[PDB]
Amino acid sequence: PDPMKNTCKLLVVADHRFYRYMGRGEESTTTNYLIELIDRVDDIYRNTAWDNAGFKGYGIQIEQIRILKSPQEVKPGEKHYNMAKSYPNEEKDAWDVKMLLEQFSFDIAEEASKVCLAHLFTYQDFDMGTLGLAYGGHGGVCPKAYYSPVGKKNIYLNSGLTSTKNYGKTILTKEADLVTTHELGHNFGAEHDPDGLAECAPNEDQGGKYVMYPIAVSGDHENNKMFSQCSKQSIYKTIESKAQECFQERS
C-alpha cells in the first residue's frame, strides 16, 4: 500500500430536499450529518484488508460539500438533478433512480472531473424500497469520460447517490451508513453478493448478509456493515488499478 495514494477524495452534494428534510433548513445540521456519516463509512473501508493481509488503510475523505439550499430553476422542458419536480413522473415524490444518477453526472461533470468521486445526498422515496445507485461493479473511482450523445459533452462516471427517505420516513442513521457504504462499494468496483455463494451471502445464524447484498434486508446483523470475500476480491483489483490514478494522501 502507498500511504501517499490511499484516500479517494469526495465531492459531497446535498440537494434542496436533503437540506430541508435532513438539514432542517440549516447549513450546520446538513454538513455535520454528512461529515459524521462519511467518517463512519471511512472506518469500514480503512479497516478492510482487501487481500485479507496487509492491503488496508484505503478509504474516503470529504474534499468539499456543496449545499443546494433551494430548488434549481429550470426553463420549460429543461431538467436538473436539483430541480423542484421529480422526473419522469412529477406526480411522484421521487425521480426514477437511474435517470437521477444520469442527470446528476451530467450537471456535475466539471466538478466531477477534478475529484476521485462525487456523491449526491437526497431525500426522496424511490419506488420498491430502492435507497441508492452508483456506477461501477462501467464507472466508479477516478473520473472516466463518457461522451453523452444526448447531452453533447463528456460526463464522468465517478458518481453515486444516497436517499435517506424510504417508505415515507427518514431511515435510521445506522441504515444510511449502510446505503452509502453499498453505493460507494459499487464505485470501488464491487458487484452484488449472489445467493449461490454462501461464503458471500450467509444465513442469519452465521452473522447475516454482507453490505453488497442486493436487498437492504436487515441493518442489525454483524456482517451487514462488512464487505464479503466477493466484494474484497473485486475491490482489491480496482484499488490495485486505480489508487495510483487518482487517490491522494489522507489529510
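Think of the rigid core as the biggest set of C-alphas that the two forms share within 1.5 Å after superposition. The first residue of the shown sequence is 1; numbering continues from there.
Student: Looking at C-alpha RMS in 5 other deposited structures of this protein with the core superposed, is it 235-243 or 9-17 that drifts more?
Tutor: Checking 235-243 against 9-17 in 5 other deposited structures of this protein, I find the farther stretch is 235-243.
Student: Between 184-192 and 219-227, which has the larger RMS C-alpha deviation from this form in 5 other deposited structures of this protein after core superposition?
Tutor: If we average over structures and residues in 5 other deposited structures of this protein, the farther stretch is 219-227.
Student: Could you bin the unmodelled part of the deposited chain lying between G137 and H138 as none, 1 to 3, 4 to 9, or 10 or more?
Tutor: Unmodelled stretch: 4 to 9 residues.
Student: Looking at the deposited entry, does 54-62 or 31-39 carry the larger mean Cα B-factor?
Tutor: 54-62 has the higher mean C-alpha B-factor.
Student: Mean Cα B factor from the PDB record: higher for 10-18, or higher for 236-244?
Tutor: According to the entry, 236-244 carries the higher average C-alpha B-factor.
Student: Select one of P143, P88, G160, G168: the residue whose C-alpha shows the highest B-factor in the crystal structure entry.
Tutor: Top of the list by C-alpha B-factor: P88.
Student: Splitting the chain's C-alpha B-factors into thirds, which one does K152 fall into?
Tutor: Within its chain, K152 is a highest-third residue by C-alpha B-factor, going by the deposited values.
Student: Taking the values exactly as deposited, rank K174 by C-alpha B-factor within its chain and report the matching third: lowest, middle or highest.
Tutor: Lowest third, going by the recorded CA B-factors of the chain.
Student: Split into thirds by Cα B-factor across the chain's modelled residues, where does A190 land: lowest, middle or highest?
Tutor: According to the entry, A190 has a C-alpha B-factor in the chain's middle third.
Student: Among the modelled residues of its chain, does the C-alpha B-factor of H119 lie in the lowest, middle or highest third?
Tutor: Lowest third - that is where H119 ends up once the chain's C-alpha B-factors are sorted.
Student: Hey, what third does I215 fall into on Cα B-factor, ranked over its chain?
Tutor: Tercile = highest for this residue's CA B-factor.
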